[PDB]
Ligand SMILES: NS(=O)(=O)c1cc(C(=O)O)c(NCc2ccco2)cc1Cl
Ligand SMILES: NS(=O)(=O)c1cc(C(=O)O)c(NCc2ccco2)cc1Cl
């Protein structure tokens with residue numbers, strides 16, 4: 001069955017080098033009891049990882065054939081990328097262990113057949129060379145043949161285990177010079193002793209052993225897609241762990257009972273009565289032990305690593321059994337690691353490794369990953385000591401396992417996704433303790449490599465927390481990000497005080513985001529990572545086809561706006577005219593705390609050639625903005641496209657107009673600019689005004705250059721400027737005094753935005769003032785980047801729309817990019 | 001200014017070990033190794049000081065306290081962790097310095113005639129007495145600290161100057177001990193390391209570290225200066241510099257006077273003749289007897305207070321020792337409990353809220369005092385200062401590494417509240433310092449470092465989710481606020497295409513406090529799959545609208561936070577209900593987080609209600625349909641086996657099925673047992689059965705049963721029909737029964753009247769909408785939630801009264817009933 005397929009592949013993954021190659025040395029180095037405790041602790045850590053993989057696998061939705069795919073969809077890329085990289089590296093380097101064990105077994109065979117190879121130590125590497133160069137071909141070719149031969153090759157392992165357990169119980173005379181005795185309880189008593197260690201310790205042998213009981217993840221998740229892969233696989237993996245554990249415990253007990261720790265291949269040593277001091281622990285026979293305290297026995301349990309091969313019955317078959325085991329485990333590792341690495345490369349988490357996504361094979365099967373794994377595997381083959389290779393393999397596998405356990409616990413604690421484990425056996429604390437014990441056992445063994453590994457993990461944490469990925473949650477798992485944003489906004493709704501932070505938000509009413517790009521850039525400069533600005537577009541069109549064009553325009557403008565990286569959300573509405581859409585955006589747009597409070601408008605430079613009722617619409621838009629207590633911002637900027645950023649604070653307004661330049665300075669674009677504040681005041685009072693204004697300026701900490709308090713206000717500008725203003729308002733001046741009263745009343749009633757004569761004499765001083773400030777701006781702030789000035793206003797209906805726009809024309813007439821502002825009454829800080 | 005922080009750092013750093021253990025350190029590690037230890041500890045301290053200066057510069061000019069400075073700069077997590085670790089570290093540092101005082105006193109008593117007990121017990125008793133006297137003084141001692149600090153620094157500098165003068169002054173009587181006049185050969189001999197008693201370089205570094213610690217108290221103890229932003233760095237770092245200089249200005253100097261092995265007796269004096277002199281001692285006059293064989297009385301290895309012996313007129317250096325010990329004791333003992341009280345105040349850790357209260361002449365945490373004094377007096381149990389030091393060294397290293405890594409995390413993550421505003425600061429350098437601190441901790445007392453790592457990991461795990469989800473505790477909203485901002489871009493920047501349909505509903509109920517049952521029920525299936533926007537329209541004068549508008553917003557936000565709903569209360573002002581609903585449905589939401597369906601609690605008791613209200617209510621349905629929203633209504637009874645009856649009768653895009661599926665995936669409705677009713681005429685049952693089965697398999701409902709009814713579209717019982725006719729009787733326009741003129745001017749009098757022609761036209765529709773009521777009554781008498789496809793009609797074709805009466809008849813007297821209709825776009829989208 002499919003569960004039988006997962007179980008057979010997990011049997012194949014777990015049963016590698018240490019089924020027979022090294023387990024003799026472990027059982028002889030510490031003892032039967034200590035070895036069994038090693039098996040138990042390795043089973044504990046492996047089963048904690050199995051529970052974590054069950055928890056991630058049993059998520060509601062199932063997709064993807066890769067292990068990295070499942071770990072990345074189930075939990076965010078923050079841990080997913082690190083787990084993928086670490087496990088890919090570990091699985092790539094496990095090939096080294098498996099093939100070097102293969103080569104050592106071949107060497108053991110060839111020592112008896114061939115008298116001596118030219119370079120025995122390097123013979124392991126020269127054999128590993130042919131093994132890897134043929135294993136790459138086996139991995140890239142005949143995948144279906146390998147899948148069909150899975151069962152055939154694992155039958156070899158089952159036959160080998162049966163062979164050895166058949167051999168161990170029965171006594172035999174064929175292996176008489178060597179250490180072969182059958183289940184003698186004296187052997188158990190004399191081998192249970194922990195005090196067998198030679199240059200190695202308990203945790204060292206645990207570290208060397210650990211590769212045997214690891215690899216469950218590759219069996220579970222490399223397949224990814226099969227019959228019922230979401231729920232039924234984890235039960236197969238837990239049963240896999242149980243079966244492998246029982247096999248290892250039983251085989252360890254049998255080996256410890258059978259073989260003596262030190263056996264010399266000699267016919268002698270058979271003493272009729274050696275009850276005196278019983279130099280041999282098996283004092284009854286003593287066939288094979290003598291003078292091995294001085295000259296150690298060659299064929300002993302701890303001395304001979306492959307004693308189980310020769311001492312078991314029908315020894316030719318067992319060698320082929322290990323051969324199949326190691327080649328199978330190596331090929332599984334060599335096919336599993338590169339695909340994980342390619343999945344990680346396809347994810348844009350690590351652009352430095354982006355070049356590895358090649359897919360040279362027609363049916364995927366990446367080749368560059370194979371080449372990289374080839375290189376690293378051979379480089380690790382360059383070590384001929386398996387007892388030395390094992391600590392690194394255990395190091396990286398333990399790193400990956402601890403990272404998996406901690407990531408699963410993190411998902412359980414911080415519930416951002418739909419992280420609902422369907423396996424009741426999972427518990428967050430159990431996985432946490434598993435991760436802690438994994439980290440501790442990591443520290444204990446080969447501490448320097450452990451510290452290097454923690455440094456690497458912390459470096460990946462740095463790299464991910466800075467460069468955030470955009471592949472997986474961007475496609476088919478945007479729900480994770482949606483829940484992220486929703487939970488963060490709900491958290492935001494928790495805050496209860498608003499007085500501390502004014503925190504400007506800019507609802508920008510540009511016609512379209514692509515239109516007036518300079519305006520968008522400028523407004524984004526002083527509102528970026530300090531507040532959200534919303535590009536509001538009041539769409540015009542028929543009702544029937546409204547929503548479709550809404551959607552298409554929203555998509556197009558959002559793509560354009562993210563291309564020219566902005567922090568803006570395109571919010572379109574439908575309304576009969578601009579004012580209604582503005583009302584919609586002002587009163588309803590925004591959620592909880594992220595609600596716009598300042599209304600940004602581009603100056604209507606084409607008001608002269610446009611219908612005034614739309615300009616009247618514009619001024620009514622200003623007045624509606626003031627009613628809801630918004631801060632009005634107007635930008636006039638020459639669309640046809642380094643010293644200072646001048647400020648012209650005149651009226652108290654609010655704290656917003658002095659706040660705008662500050663945020664401009666910190667963006668590194670206006671960093672090399674100096675704020676030259678201008679504030680009006682009395683001629684007798686500049687010094688007092690200078691100190692009084694410097695107090696507030698220091699409070700705003702905008703590091704003012706100076707405060708050129710001036711008294712040129714309330715002055716007739718000149719003959720020509722008033723002439724120009726008269727020319728500006730001439731097409732709309734209403735000559736009631738010159739014309740008949742009846743016709744003047746008719747013109748007023750049919751059309752109300754005329755500038756009545758009384759309006760001119762009522763507001764003559766205001767017009768003089770506005771022209772005065774215009775000419776002062778021309779004289780002083782001509783060579784400045786971004787002028788800031790308090791926005792002139794008037795009571796609703798007290799001033800006609802035409803004259804109000806005339807004032808805004810006069811003030812911002814010939815200046816560089818200017819930024820008129822009038823905030824609300826409340827102070828910003 | 002300078003005197004505010006430079007003096008405090010001078011008097012803090014130069015604690016007890018400079019005056020006793022530094023000479024022993026030079027004994028264990030050679031002059032080169034001693035200087036290497038000095039520079040390494042100085043690098044740690046300088047990196048910590050630079051990080052502290054960056055913290056001070058960031059955020060704002062002034063803060064309530066160092067705890068609050070760190071809290072503003074980063075937030076609750078790192079600030080609370082640093083505060084707790086540093087408070088514990090100062091609590092045990094009090095123990096260190098008082099043990100130093102105790103050992104000096106007991107050594108003096110050894111010099112003195114009488115002895116009370118053996119050495120370890122004398123330390124215990126005298127240290128306890130001094131700790132309780134320090135209790136008496138320290139509880140109220142802020143008035144004289146400003147005057148006392150300068151005098152104590154003067155005394156300490158007098159002691160240091162006395163040592164310097166005594167270094168160049170030899171004397172023949174004291175020459176048997178390690179007392180010589182700046183001889184070069186002894187300096188050469190002392191250059192080489194001599195590590196004895198199984199003491200090693202990093203172990204000596206471990207003991208030494210607390211001597212070069214205490215800079216953080218420069219800003220922690222008090223600000224209150226003319227320029228707190230500028231005064232804190234320029235002092236503290238400066239202090240560190242001279243500290244190291246004085247340390248090295250002592251270190252090599254020590255090696256210039258004192259021999260590594262000496263004995264007091266003058267008898268063992270070599271005769272001036274050609275002798276072997278393996279040791280440099282008999283170079284001058286003194287053979288000794290190779291004191292490595294037998295433990296000698298003095299010689300920088302057995303007389304710790306050797307610096308007291310060298311300086312002429314040793315009472316002054318002894319008094320300097322007293323001054324340094326007491327000064328560092330007061331500094332740390334005032335620093336720690338204030339931090340602990342601040343941690344209680346910020347409410348990051350609810351388990352310790354009982355310790356916030358304080359009282360006295362000025363409110364101070366006497367509880368925090370008593371607990372720190374108790375635990376410190378517990379730590380006095382170990383009377384060996386060499387044993388004491390490594391634990392405090394580990395805590396200081398943990399605190400400094402945590403501070404440096406906190407600065408790095410603020411700088412790297414582009415923290416919204418972070419701004420370096422410092423001339424010479426590099427986040428990479430802070431990382432390097434913190435990392436080296438981590439390895440150094442792991443090197444010394446590996447189990448203790450493991451314990452600290454476990455504690456900090458547990459605190460991090462506690463403060464990641466358990467605290468913030470309920471209440472993070474920080475008073476600076478910005479560090480949260482701005483964060484959410486970018487996440488919204490993360491939601492808007494992702495191209496969702498069309499495969500991102502989720503239930504995002506706004507519940508158009510004016511008063512959230514009223515009708516909480518509907519809010520809880522809709523939040524039940526909107527808890528973790530979408531946003532709930534309890535929109536609220538307000539009608540009133542524009543003059544006072546805004547103020548009361550915000551008042552209502554705040555009050556109802558408090559109410560929704562008091563209960564457990566994940567809902568944003570976004571209210572608007574409008575002329576009437578329809579305009580406000582239009583405002584919400586057109587502009588509410590930002591990015592892709594926009595409402596998609598319009599929950600409307602049924603207008604129960606509409607009988608007494610005016611007809612204009614009902615007209616606007618039905619026009620809300622029509623507007624929602626026009627603007628491509630899903631309409632869901634609910635008739636929960638306001639008084640507020642197990643099965644949820646889903647009557648999928650009209651293909652609405654799967655919403656009618658999706659909603660109960662969301663209900664099931666929750667704790668409350670785990671026992672759901674959905675029963676799916678379908679409508680179909682007489683035909684093969686298998687067609688409908690398998691079609692509905694595969695449709696449910698698509699959306700993963702996992703039906704308990706699928707059942708089909710053929711009794712729809714049949715004539716209902718006569719009593720029910722006449723009951724409905726009497727229901728619609730007050731609004732019925734019997735135009736046929738009455739005269740034509742009356743009906744006419746009544747119709748142009750009120751457009752909502754229902755002509756009998758409407759009843760004739762939709763007689764079969766009313767028959768369906770009442771027969772379905774009878775069927776759901778007899779079949780589904782008991783049911784948790786009855787989710788039913790919502791009837792629809794042409795806009796304006798039927799008078800709103802008749803449409804609303806249809807909706808009322810379909811839910812006449814029922815358990816929780818939930819009518820649903822959606823846009824035909826959620827085709828297996830979820
Ligand atoms: N600043 S303006 O008067 O020239 C202006 C101008 C426009 C504009 O029409 O471009 C605009 N958008 C409304 C719109 C209609 C159709 C598409 O967008 C808003 C404004 Cl404030
Ligand atoms: N769900 S409902 O039709 O019965 C309804 C019910 C209410 C309601 O709570 O009365 C409501 N609030 C309007 C309001 C008036 C004053 C303040 O808010 C709106 C609606 Cl749509």
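Heads up, residue numbers simply count up from 1 along the chain you see.
Determined by electron microscopy, 3.9 Å, according to the entry header.
Cβ atoms here come from the backbone N, Cα and C positions, even for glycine.
Feature annotation from Swiss-Prot assigns transmembrane segment to B:1-30 (among others); the stated evidence is experimental evidence. Within the chain, the transmembrane segment (B:1-30) has long-range Cβ neighbours (under 8 A, six or more residues past its boundaries) at 37, 93, 96-97, 100-101, 103-104, 149-150, 152-153, 156, 159, 190-196, 199, 201, 204, 207-208, 210-215, 217-219, 221-222, 224-227, 231-232, 234-236, 238-240, 242-243, 246-247, 250-251, 254-255, 258, 260, 300-301, 304-307, 317, 320-321, 324-325, 327-328, 331-332, 385-386, 389.
Sequence annotations record features per position, and here Swiss-Prot assigns Na(+) binding site to B:11, B:14, B:324, B:327, B:328 based on experimental evidence. Residue environment of residue B:328 (Na(+) binding site) contains 29 other Cβ atoms, counted within 10 Å of its Cβ in all protein chains.
The secondary structure of residue B:12 (K(+) binding site), as reduced to three states from DSSP, is helical. The K(+) binding site annotation in Swiss-Prot covers B:12, B:13, B:97, B:210, B:211, B:213 and rests on experimental evidence.
Neighbour density for residue B:16 (chloride 1 binding site): within 10 A of its CB lie 24 other CB atoms from the protein chains shown. Annotated chloride 1 binding site per Swiss-Prot: B:15, B:16, B:17, B:210, B:211, in sequence order, evidence recorded as experimental evidence.
Long-range neighbours of the transmembrane segment (B:31-50) within the same chain, counting only residues 6 or more positions beyond its ends whose Cβ lies under 8 Å from a Cβ of the stretch, are 25, 187, 190-191, 193, 201, 204-205, 208-209, 211-213, 215-216, 233, 236-237, 240, 243-244, 247-248, 251-252, 255, 397, 400, 403-404, 422, 424-425, 429-430, 432-434, 436-437, 440. Annotation comment: Swiss-Prot describes B:31-50 (among others) as transmembrane segment.
Residues of the same chain lying 6 or more positions beyond the ends of the transmembrane segment (B:82-109) and with a Cβ under 8 Å from any Cβ of it are 15-17, 19-20, 67, 70, 115-116, 119, 122-123, 126-127, 130-131, 134, 210, 213-214, 216-217, 220, 304-305, 318, 321-322, 325-326, 328-329, 332-333, 335-337, 339-340, 342-343, 349, 372, 375-377, 379-380, 383, 385, 388-389, 391-392, 395-396, 398-399, 402-403, 406, 456, 459. As annotated by Swiss-Prot, transmembrane segment applies to B:82-109 (among others), with the evidence given as experimental evidence.
The transmembrane segment annotation in Swiss-Prot covers B:120-143 (among others) and rests on experimental evidence.
The transmembrane segment annotation in Swiss-Prot covers B:147-168 (among others) and is backed by experimental evidence. Listed by sequence, the residues of this chain that lie at least six past the ends of the transmembrane segment (B:147-168) yet keep a Cβ under 8 A from its Cβ atoms are 3, 7-8, 10-11, 14, 19, 181-182, 246, 250, 253, 256-257, 307, 310-313, 316-317, 319-321, 323-324, 326-327.
If you look up Swiss-Prot, you'll see B:201-218 (among others) marked as transmembrane segment, on the strength of experimental evidence.
For the transmembrane segment (B:234-255), the residues of the chain that approach it from at least six positions outside its boundaries are 2, 4-6, 9-10, 13-14, 18, 22-23, 26, 31, 34-35, 38-39, 42, 45-46, 49-50, 52-53, 160, 163-164, 167, 186-187, 190-191, 211-212, 215, 218-219, 300, 306-307, judged by C-beta separation under 8 angstroms. Positions annotated as transmembrane segment by Swiss-Prot, on the basis of experimental evidence: B:234-255 (among others).
Annotated N-linked glycosylation site per Swiss-Prot: B:267 (among others), in sequence order, evidence recorded as sequence analysis. In sequence order, no residues are near residue B:267 (N-linked glycosylation site), counting only same-chain partners six or more apart with C-beta under 8 A.
Sequence-distant neighbours of residue B:276 (N-linked glycosylation site): no residue of the same chain at least 6 apart has a C-beta under 8 Å from its C-beta. Secondary structure at residue B:276 (N-linked glycosylation site), as computed by DSSP, is coil. The N-linked glycosylation site feature in Swiss-Prot is assigned to B:276 (among others).
With a cut-off of 8 Å between Cβ atoms, the residues of this chain six or more beyond the transmembrane segment (B:313-337) that come close are 8, 11-12, 14-16, 18-20, 86-91, 93-94, 97-98, 100-101, 104, 108, 134, 137-138, 141-142, 145, 149, 152-153, 155-156, 158-160, 162-163, 214, 217, 220-221, 305, 307, 364-365, 368-369, 372. Swiss-Prot lists B:313-337 (among others) with the feature transmembrane segment.
Per Swiss-Prot, transmembrane segment is recorded for B:366-386 (among others), and the stated evidence type is experimental evidence.
What Swiss-Prot records for B:387-405 (among others) is transmembrane segment, and it gives experimental evidence as the kind of evidence.
The transmembrane segment annotation in Swiss-Prot covers B:429-446 (among others).
Counted over residue pairs separated by six or more positions, the transmembrane segment (B:366-386) shares fewer than 3 Cβ pairs under 8 angstroms with the transmembrane segment (B:447-459), which leaves the two as not touching. Between the transmembrane segment (B:387-405) and the listed ranges B:120-143, B:201-218, B:429-446, B:447-459, the one holding the most Cβ pairs under 8 Å is B:429-446. Residues 71-72, 74-75, 415-417, 590-593 of the same chain lie 6+ residues outside the region 'Scissor helix' (B:475-492) yet bring a C-beta within less than 8 angstroms of a C-beta in it. Using Cα positions, the member of the binding-site residues B:97, B:210, B:211, B:213 nearest to residue B:14 (Na(+) binding site) is identified as B:211. Spatial neighbours are here defined as Cα atoms within 10 angstroms of one another, and by that definition the neighbours of residue B:97 (K(+) binding site) among the binding-site residues B:11, B:16, B:327 are B:16, B:327. Remark: the transmembrane segment (B:201-218) contacts the transmembrane segment (B:429-446), by the rule of 3 or more CB pairs under 8 A. Within the chain carrying the transmembrane segment (B:429-446), a Cβ under 8 angstroms from the stretch's Cβ atoms is held by residues 43-44, 47-48, 50-51, 54, 202-203, 205-206, 390-391, 393-394, 397-398, 400-402, 404-405, 407-408, 411, 452, all 6 or more beyond its ends. Cβ neighbour density within 10 Å is lowest for B:17 among the binding-site residues B:17, B:211. Recorded residues residue B:327 (Na(+) binding site) and residue B:210 (K(+) binding site) have their alpha carbons 15 Å apart, per Cα-Cα distance. Tertiary proximity for the transmembrane segment (B:447-459) is limited to same-chain residues at least six positions away from its ends with a CB under 8 Å from its CB atoms, namely 80-81, 84-85, 390-391, 394-395, 398, 402, 441.
Among the binding-site residues B:11, B:213, B:328, no residue is found with its Cα located within 10 Å of the Cα of residue B:17 (chloride 1 binding site). Taking Cα separation as the measure, residue B:324 (Na(+) binding site) is nearest to B:15 of the binding-site residues B:13, B:15, B:210, B:213.
Secondary structure of the region 'Scissor helix' (B:475-492) per DSSP, as helix, strand and coil residue counts: 15 helix, 0 strand, 3 coil. Contacts of residue B:12 (K(+) binding site) defined by a Cβ separation under 8 A and a same-chain sequence distance of 6+ are given as B:214, B:215, B:217, B:218, B:327, B:328, B:331, B:332, in order along the sequence. Of all the binding-site residues listed here (B:11, B:13, B:324), the one with the fewest other CB atoms within 10 A of its own CB is B:11.
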